[PDB]
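Engineer: To start, I am sharing the structure in question, which I have written as structure tokens.
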Amino acid sequence: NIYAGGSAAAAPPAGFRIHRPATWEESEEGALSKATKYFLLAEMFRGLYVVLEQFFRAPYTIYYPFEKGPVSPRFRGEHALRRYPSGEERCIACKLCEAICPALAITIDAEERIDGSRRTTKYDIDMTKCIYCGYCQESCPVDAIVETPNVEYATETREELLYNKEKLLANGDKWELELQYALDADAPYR
Amino acid sequence: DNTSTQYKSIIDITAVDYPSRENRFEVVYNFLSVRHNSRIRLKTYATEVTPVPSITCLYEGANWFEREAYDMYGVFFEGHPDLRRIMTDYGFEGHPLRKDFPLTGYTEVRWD
Amino acid sequence: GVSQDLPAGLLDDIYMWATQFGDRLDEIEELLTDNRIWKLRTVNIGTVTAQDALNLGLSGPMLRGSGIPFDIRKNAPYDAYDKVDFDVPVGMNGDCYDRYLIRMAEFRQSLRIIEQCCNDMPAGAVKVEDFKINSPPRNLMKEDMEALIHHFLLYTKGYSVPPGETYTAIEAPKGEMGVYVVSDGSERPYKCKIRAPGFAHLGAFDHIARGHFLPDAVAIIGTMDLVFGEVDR
Amino acid sequence: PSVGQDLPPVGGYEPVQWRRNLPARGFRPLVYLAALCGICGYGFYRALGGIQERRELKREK
Amino acid sequence: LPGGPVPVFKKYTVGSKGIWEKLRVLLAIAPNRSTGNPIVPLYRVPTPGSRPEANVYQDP
Amino acid sequence: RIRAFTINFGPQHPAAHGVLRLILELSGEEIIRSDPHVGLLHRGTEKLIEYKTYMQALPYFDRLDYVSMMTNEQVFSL
Amino acid sequence: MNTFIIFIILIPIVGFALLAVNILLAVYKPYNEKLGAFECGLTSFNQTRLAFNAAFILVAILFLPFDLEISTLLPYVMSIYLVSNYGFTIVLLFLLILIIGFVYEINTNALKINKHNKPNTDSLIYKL
Amino acid sequence: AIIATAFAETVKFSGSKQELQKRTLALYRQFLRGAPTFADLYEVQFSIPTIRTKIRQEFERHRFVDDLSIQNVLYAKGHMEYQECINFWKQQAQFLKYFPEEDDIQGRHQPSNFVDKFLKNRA
Amino acid sequence: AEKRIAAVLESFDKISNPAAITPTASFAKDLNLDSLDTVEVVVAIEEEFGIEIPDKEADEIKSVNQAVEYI
Amino acid sequence: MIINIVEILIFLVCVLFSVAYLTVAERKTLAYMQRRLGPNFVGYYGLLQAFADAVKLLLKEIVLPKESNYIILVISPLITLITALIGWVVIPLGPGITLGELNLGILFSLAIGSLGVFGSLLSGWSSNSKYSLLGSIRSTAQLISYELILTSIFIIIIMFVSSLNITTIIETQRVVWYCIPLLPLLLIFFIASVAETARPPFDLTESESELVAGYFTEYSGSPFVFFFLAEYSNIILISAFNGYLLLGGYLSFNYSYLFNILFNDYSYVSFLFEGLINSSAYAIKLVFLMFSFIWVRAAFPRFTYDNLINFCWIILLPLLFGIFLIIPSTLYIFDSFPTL
Ligand SMILES: CCCCCCCCCCCCCCCCCC(=O)OC[C@H](COP(=O)(O)OCCN)OC(=O)CCCCCCCCCCCCCCCCC
Ligand SMILES: CCCCCCCCCCCC(=O)OC[C@H](COP(=O)(O)OCC[N+](C)(C)C)OC(=O)CCCCCCCCCCC
Ligand code: SF4
Ligand code: SF4
């Protein structure tokens, strides 16, 4: 009806008060069966058996680096700068990657090339600032900056992780075929 | 404690810095009523020298929230039993969530 | 919405994982649920009363273990939780063992919801269809002038959010996760405060752990389900 | 429109198992108690017979 | 009761054949339980980089 | 007069998960007072978000409860 | 010089040889920070000895009488046939007497550490 | 409940400057008394008198502040710092922030006049 | 005994007359010791004798004579 | 002399290498119970893993903390290892086939065993940390508590035999292994042996304590090797106690008929074959008990200190006193007191 300080949904549901706990004298199991369970550790033995069953199942381990875990076309690994089939660079220095970069990991410099083209004179990625989010690759209007599926590029010195333009272009040249597999698989979804 | 409100859970306390106002800081309280399935927000104001009454007497959960509000903004809470920094480094100078505190602060560390 | 659509063979693979996850849960329960040592470590350990749970700011299992049936997915439904069928487990003793049982039941309810989503996944777009908010697809971006302009602007300036404020909360796996965001009408939030359930749980630690033994403290930390990036943001 | 999207089967998937599946196994507890009694009693029979025969060997020595 | 136990041959996990299947059924705590190893010809095949649907996908 | 014994449970401790400094006070066996010191992982995320666009701020939410990334994203998105 | 004595001499020799090899081959570069006690990476203040519970004392003290009780049965098990029925009665009486002490220990709850802090169970009463 | 820690004082803004002066001199006494505990906790090279001198210099810095609210805040923060130091919550690294002079000479060239500052582009 | 107190309070700065320490000399009136200086000398006394002195009694001390009367 | 030296070298090599390979076996067995592989890379099939760990540790710097009694901290693990290995001198792999054939062999086992608490007791004193002292105190209390249980079971067994010679105790089980009439004592002895070696689920000191990793937290280099070796050596030795007290030691089955078919007279071939059969029986029992230690580690969570002290003093010890009463009563009822 009319509620004061309440409502139908704040009324307790049917059966919300719990039943009274049962005492020892209202137990179905006799004391000898309970003592058998108590002294012979029945549920502990069930647990041991469950563990032992696993011992005869196939393990999950793979033998890295001779085998490899699953990788997908969208995976975000080490960066590369790509070319056109002619060999001309795709990057035209729009600086959209630099603007979007959540970690401010990209530093770009550009001017007019002696042939009149709009091109970068400096393209740096601080890989120790990068968060590997893929936003640069989404932002690029010409598919110039990409993330490869490569994760195996650990270094012994930090200076080796400051990628300049030569390093990134060489990465593009090195990984172009894998990049093409990934693009052929995921371009329709972008 | 009113029967039609019954906001028993304290959700959060924070501050917002408005440097144009004479009172810089607005203190925001959010409350939940599980009884009525309802939320409510309450605002007040403060400056760098005028405190606010602590609500720890009413909600124990408020304790840490007021500490964070003191650590980030410098708002004091009168009646808070144990009010000290909770986030920043020991001996940290400044309240980093003020609009005039620079993003990277004033000091950095290294091994000497 | 989401940044990309699902790839072609994903629903089938999620379904095949779902057909065996139930057994995976049963074997963990075989090791734990009835183990008398597990009960010695969890029963009547880290007890919280319902009134104190509310007063301390606890949420999620930390609250449902004390007997209070509250869950944002049922109380204030968001994205598609109103369209799926699931149950909410509620404790009565407010201890670590009740909270363990709650989490184990929540495993099963999540499996239920995942199966319903695998069966009812509809067709259409996955992000809002306004290019002033989300970027247009790339074949439009490289063919259509408006699409290119909107893409350029979204990735350099960002969209503008109407001025105002909100506190928005969801039933995150560790309890109620909220954000209080203040917009000044620009492309950058004026203020953003994160309400982490672990913050309030760790705040309640001193009230809950008093009078316990040190291993009980280890168990209580484990029952609060703490991740510290949440705690100190 | 929608071409090439991941979608569910027309009839749907067969239901998965999500409810607790921990069936009770084993004889009733008193069966294990009876087996323990029988094992121990037979062992005591053998051990006491062995002790008695050892005592007769001691007599001979 | 929906959600109840389903037999092991309706779960996409490898399992056992022949005499070993009889042995496993005799020795399992719960015979309807799967082992957890995905069936290699069926699972994540074809690989996500060689889906035919990619060449027909259009923006929805 | 009861004299508490004070232990630093953590940060470099398996149960303390590397970053919690739980200062406990024990009278023999029992905890009498507990003082969790935090901020060993305070990164200033909330300060950083104010200098980001909303789109640029989204990935910070992945890194809050870093086993529950997508629900963190979901709350910010909602 | 049987195998027993030679083996007993040989074990400590091998331990000392392994120790000597470690001393000879490992580097040794002590310095102040390395020499600190490891307590989770921090430093704690030196403290007066912790106050301990009485059960800690009681387990160790009560070990000795129970250990002596158990070890006093060695002469019985080594003489059981010789003393057969008379000594069987005597050893039963001895065991029963010691069991009375076990009963005292059990009923006094002597080895239980009681959690000093307990939930408050008082009713809430209002004077209207 | 959530109980306060060692040497915690609830925040109270004194309504009068004399009632604050009492609390302030008490805090100064506490610092001077804790100086030897500080020298033991933080394994310092310098002497106990150096610590007490530093404490005096700290309290001296605010000797002429007039506004009551500002003095209240200075007192509450000074008490926070006392609680931080006496509980060993600080490590040595942050404690030694207070003693920049105790470190050795940083170099031969600390300019004082205009020409020396101008030769280092600091004029 | 009082000579130890005179020795403690003699070795302090800001006072140019070491012989001005008469058994009933007030720090704020004769020595011209500051409020902070008074706290310092009280702490030095209580440290020299190894005794702790409570807040009210410490603040009420204002002179050498009261120091001995409490010593 | 020469034969003595050869026999001691053979026995010592077998024991030390068995201890080395028990650690590898634990890692592999835990791994396969956890659906992984374990060491399969250091050596073929991971068979050199233990030796890699040993060489690594032997080349690792020893640290002596500042507040530390350095002598006590370097000798405590040494004495625990020395007593642990000395325990092996009385274990027989066939009738009289032992390094020490002592008429007081059981007493030797118990005495050397009771020297096993001093490592935990002295390790905490090694430093000047109150965390360390409390942890060492608890571990010592657990150790002596379950020492009582083990000693009681020893005495209960000797009630059937009336001998302290280990070979004789094994020899009387040719009629029945003592685990058959006293199966609950098999369960109790295994539980107490796990507790006495401070193995999971009885590993308070190392895994829930103030110091991160027990009272060995401060140990590096060869002292750490000593503690680790002593622990695994005690696992195998306490399992050997279990084997000869309750599992019939080196007894498997009556091979008289088979030997009479195979051989027509005594030779070194028949002697070698009988020795192999006896030793293989004892070895396979030891293997099952080691596997059980690892299996129990795989299956269960830990006790607390209060739980385990209660388990020893309120549940197990009263049962053992009741058994003290009932065993001589059964021997009296049926007139079966054992002769000497
Ligand atoms: C029916 C008539 C019986 C007549 C008398 C019985 C004769 C003796 C029977 C032999 C076995 C007795 C020894 C085991 C008794 C265990 C009893 C027990 O449950 O202890 C419980 C104890 C907590 O005490 P409590 O208060 O009583 O429990 C109430 C909890 N709400 O907490 C505990 O201690 C938990 C139990 C300890 C388990 C230890 C586990 C360590 C390793 C497990 C060994 C399993 C076998 C390993 C071998 C591998 C398998 C091949
Ligand atoms: C409180 C205990 C009450 C138990 C009563 C059971 C009596 C049943 C009748 C069978 C006896 C029999 O007939 O077998 C006789 C046996 C073996 O002697 P034997 O060489 O074969 O006889 C020939 C007599 N000579 C030698 C003079 C020629 O003697 C026994 O000791 C076996 C008794 C069965 C074991 C009972 C132990 C109970 C468990 C105790 C756990 C504390
Ligand atoms: S992946 Fe993200 S963080 Fe890294 S460079 Fe690209 S946009 Fe910047
Ligand atoms: S990589 Fe792409 S987004 Fe970045 S500057 Fe070059 S063209 Fe523009």
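Heads up: the sequence lines are chains H, U, G, Z, F, W, V, D, Y and B, in that order. Quick note, in UniProt numbering, the first sequence goes up one by one and the last residue is 229. Quick note, in UniProt numbering, the second sequence goes up one by one and the last residue is 225. Quick note, in UniProt numbering, the third sequence goes up one by one and the last residue is 466. Quick note, in UniProt numbering, the fourth sequence goes up one by one and the last residue is 62. Quick note, in UniProt numbering, the fifth sequence goes up one by one and the last residue is 61. Quick note, in UniProt numbering, the sixth sequence goes up one by one and the last residue is 156. Quick note, in UniProt numbering, the seventh sequence goes up one by one and the last residue is 128. Quick note, in UniProt numbering, the eighth sequence goes up one by one and the last residue is 124. Quick note, in UniProt numbering, the ninth sequence goes up one by one and the last residue is 102. Quick note, in UniProt numbering, the tenth sequence goes up one by one and the last residue is 340. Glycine included, each C-beta is placed from N, C-alpha and C at the ideal position.
Assess, as a yes-or-no matter, whether the stretch 154-167 of chain B is touched by the stretch 70-79 of chain V under the definition of 3 or more beta carbon pairs within less than 8 Å.
Structural biologist: Touching, yes.
Engineer: In terms of residue numbering, what span does the beta strand (DSSP E) encompassing U:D130 cover?
Structural biologist: Looking up residue 130 of chain U in the second sequence gives position 17. Taken as a continuous stretch (DSSP letters only), the beta strand (DSSP E) holding U:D130 covers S122 to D130.
Engineer: Short of 9 Å Cβ to Cβ, which residues in the stretch 127-151 of chain H face chain G?
Structural biologist: Cβ contacts with chain G: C133, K134, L135, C136, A138 and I139.
Engineer: Which residues bound the alpha helix (DSSP H) around B:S120?
Structural biologist: Residue mapping note: residue 120 of chain B aligns to position 120 of the tenth sequence, counting from 1. Here the alpha helix (DSSP H) through B:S120 covers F118 to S126.
Engineer: Quick one: is D:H63 buried, meaning 16 or more other Cβ sit within 10 Å of its Cβ, or exposed?
Structural biologist: Counting from one through the eighth sequence, the residue named residue 63 of chain D turns up at place 62. Counting Cβ neighbours within 10 Å, D:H63 comes out exposed, since fewer than 16 surround it.
Engineer: Once the 5 residues before and after D:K118 are set aside, which same chain residues still bring their CB inside 8 Å of it?
Structural biologist: Your numbering for residue 118 of chain D matches position 117 in the eighth sequence. Same-chain partners within the cutoff: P112 and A124.
Engineer: Mind pulling the chain G residues with CB within less than 8 Å of Z:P9?
Structural biologist: Working through the fourth sequence from its first residue, we reach residue 9 of chain Z at position 8. Going along chain G in sequence order, the residues near Z:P9 (Cβ under 8 Å) are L244, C351, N352, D353 and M354.
Engineer: Going along chain B, which residues have a C-beta under 7 Å from H:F105?
Structural biologist: What you label residue 105 of chain H is simply residue 66 of the first sequence in a count that begins at 1. Result: empty, since nearest Cβ-Cβ is about 11 Å, beyond 7 Å.
Engineer: Between which residues of its own chain and B:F224 is the CB-CB distance below 7 Å, once the five residues before and five after are set aside?
Structural biologist: By 1-based counting over the tenth sequence, the position of residue 224 of chain B is 224. Closer than 7 Å at Cβ, skipping near neighbours: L57 and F216.
Engineer: How would you list, in chain order, the residues of chain G whose beta-carbon sits under 9 Å from the beta-carbon of V:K118?
Structural biologist: Counting from 1 along the seventh sequence, the entry for residue 118 of chain V is found at position 118. By Cβ distance, chain G contributes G444.
Engineer: Please report how far the alpha carbon of G:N308 lies from the alpha carbon of G:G408, in whole angstroms.
Structural biologist: What you label residue 308 of chain G is simply residue 75 of the third sequence in a count that begins at 1. What you label residue 408 of chain G is simply residue 175 of the third sequence in a count that begins at 1. Looking at the two C-alpha atoms, the distance is approximately 14 Å.
Engineer: Report the CB separation of U:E173 from G:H440 in whole angstroms; it is logged as a contact under 8 Å.
Structural biologist: On the second sequence, position 60 is the one that residue 173 of chain U refers to. On the third sequence, position 207 is the one that residue 440 of chain G refers to. About 7 Å; that satisfies the 8 Å criterion.
Engineer: State buried or exposed for B:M1, treating a residue as buried only when at least 16 other CB atoms are found within 10 Å of its CB.
Structural biologist: Position 1 of the tenth sequence, counting from 1, holds the residue named residue 1 of chain B. Classification for B:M1: exposed.
Engineer: Would you check whether ligand 3 has a heavy atom nearer than 6 Å to the C-beta of H:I170?
Structural biologist: Position 131 of the first sequence, counted from the start, is the residue given in the question as residue 170 of chain H. The answer is yes for H:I170.
Engineer: Please list, in chain order, all residues with a C-beta atom less than 6 Å from at least one heavy atom of ligand 4.
Structural biologist: Those satisfying the condition are, in chain order, H:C130, H:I131, H:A132, H:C133, H:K134, H:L135, H:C136, H:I147, H:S178, H:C179, H:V181, H:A183 and H:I184.
Engineer: Looking at C-alpha atoms only, which residue of H:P51, H:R115, H:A149 and H:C172 is the closest neighbour of residue 245 of chain H?
Structural biologist: Since the first and last residues shown for chain H are 40 and 229, residue 245 of chain H lies out of range.
Engineer: What does a CB cutoff of less than 8 Å around Y:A51 pick up in its chain, not counting 5 residues either side in sequence?
Structural biologist: Working through the ninth sequence from its first residue, we reach residue 51 of chain Y at position 20. If we look at Y:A51 and ignore the five residues flanking it on each side, its Cβ neighbours are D61 and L62.
Engineer: Counting only runs that start and end within the stretch 74-113 of chain V, where is the alpha helix (DSSP H) found for 4 or more residues in a row?
Structural biologist: 74-77 and 84-107, all fully within the stretch 74-113 of chain V.
Engineer: If you follow the alpha helix (DSSP H) that U:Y183 is in, where does it begin and where does it stop?
Structural biologist: The sequence position of residue 183 of chain U within the second sequence is 70, counting from 1. Unbroken alpha helix (DSSP H) run through U:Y183: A175 to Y186.
Engineer: When you compare the stretch 300-317 of chain G with the stretch 262-277 of chain G, are there three or more beta-carbon pairs, one atom per stretch, that lie closer than 8 Å?
Structural biologist: As far as the Cβ criterion goes, the stretch 300-317 of chain G does not touch the stretch 262-277 of chain G, which means the pair count is below three.
Engineer: Using a threshold of 6 Å, is the CB atom of Z:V32 nearer than that to any non-hydrogen atom of ligand 1?
Structural biologist: Position 31 of the fourth sequence, counted from the first residue, corresponds to residue 32 of chain Z. No - ligand 1 has no heavy atom lying nearer than 6 Å to the Cβ of Z:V32.
Engineer: With distances taken Cα to Cα, identify the nearest neighbour of B:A192 among B:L73, B:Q34, B:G43 and B:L308.
Structural biologist: The residue labelled residue 192 of chain B in the question sits at position 192 within the tenth sequence. Closest option to B:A192, Cα to Cα, is B:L308.
Engineer: Where D:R34 and V:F45 are concerned, what is the direct C-alpha to C-alpha distance, given to the nearest angstrom?
Structural biologist: Taking the eighth sequence and counting its residues from 1, one reaches residue 34 of chain D at position 33. Taking the seventh sequence and counting its residues from 1, one reaches residue 45 of chain V at position 45. So the alpha carbons of these two residues sit roughly 17 Å apart.
Engineer: By the 10 Å Cβ neighbour count, where 16 or more other Cβ atoms means buried, how is B:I327 classified, buried or exposed?
Structural biologist: Looking up residue 327 of chain B in the tenth sequence gives position 327. So B:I327 counts as buried.
Engineer: Note down, in chain order, all residues in the stretch 121-137 of chain W with a beta-carbon under 8 Å from any beta-carbon belonging to chain G.
Structural biologist: Listed by position along the chain: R121, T123, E124, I127, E128, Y129, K130, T131, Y132, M133, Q134 and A135.
Engineer: What residues of chain G sit near H:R115, judged by a beta carbon separation below 9 Å?
Structural biologist: Sequence index remark: in the first sequence, residue 115 of chain H carries index 76 (1-based). Those within 9 Å of H:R115 in chain G number zero; the least Cβ separation is about 12 Å.
Engineer: Closer than 7 Å is what we want: which residues have a beta carbon that near any heavy atom of ligand 5? List them in chain order.
Structural biologist: For ligand 5, the structure offers nothing, since it holds only ligand 1, ligand 2, ligand 3 and ligand 4.
Engineer: Is B:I191 near ligand 1, with its Cβ less than 6 Å from a heavy atom?
Structural biologist: As a working mapping, residue 191 of chain B is identified with position 191 in the tenth sequence. Correct: B:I191 has its Cβ closer than 6 Å to ligand 1.
Engineer: Are there three or more Cβ pairs, one per stretch, closer than 8 Å when the stretch 135-145 of chain U is compared with the stretch 72-91 of chain H?
Structural biologist: The stretch 135-145 of chain U vs the stretch 72-91 of chain H: no contact.
Engineer: Could you tell me the boundaries of the alpha helix (DSSP H) in which B:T167 lies?
Structural biologist: As a first step, residue 167 of chain B must be located in the tenth sequence, where it is residue number 167. First-last of the alpha helix (DSSP H) with B:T167: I166 to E171.
Engineer: Is B:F311 near ligand 1, in the sense that its beta carbon is under 6 Å from a heavy atom of that ligand?
Structural biologist: Within the tenth sequence, residue 311 of chain B is the residue found at index 311, counting from 1. Yes; taking the cut-off as 6 Å, the Cβ of B:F311 has a heavy atom of ligand 1 nearer than that.
Engineer: Indicate whether at least one CB of chain H lies closer than 7 Å to the CB of B:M290.
Structural biologist: Residue 290 of chain B sits at position 290 when you count from the first residue of the tenth sequence. No - not a single Cβ of chain H is within 7 Å of the one on B:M290.
Engineer: Would residue 470 of chain G pass as a contact of G:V361 if the rule is Cβ separation under 7 Å?
Structural biologist: No answer is possible for residue 470 of chain G: the residues shown for chain G start at 234 and end at 466.
Engineer: Under 6 Å from any heavy atom of ligand 1, does the C-beta of residue 353 of chain B make it?
Structural biologist: The structure shown does not extend to residue 353 of chain B, since chain B is modelled only from 1 to 340, so the question has no answer here.
Engineer: Is DSSP giving V:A51 helix, strand or coil here?
Structural biologist: As a position in the seventh sequence, residue 51 of chain V is number 51, starting the count at 1. V:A51: coil per DSSP, three-state reduction.
Engineer: Does the beta carbon of H:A70 fall short of 6 Å from some heavy atom of ligand 1?
Structural biologist: Position 31 of the first sequence, counting from 1, holds the residue named residue 70 of chain H. Checking the Cβ of H:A70 against ligand 1 gives no.
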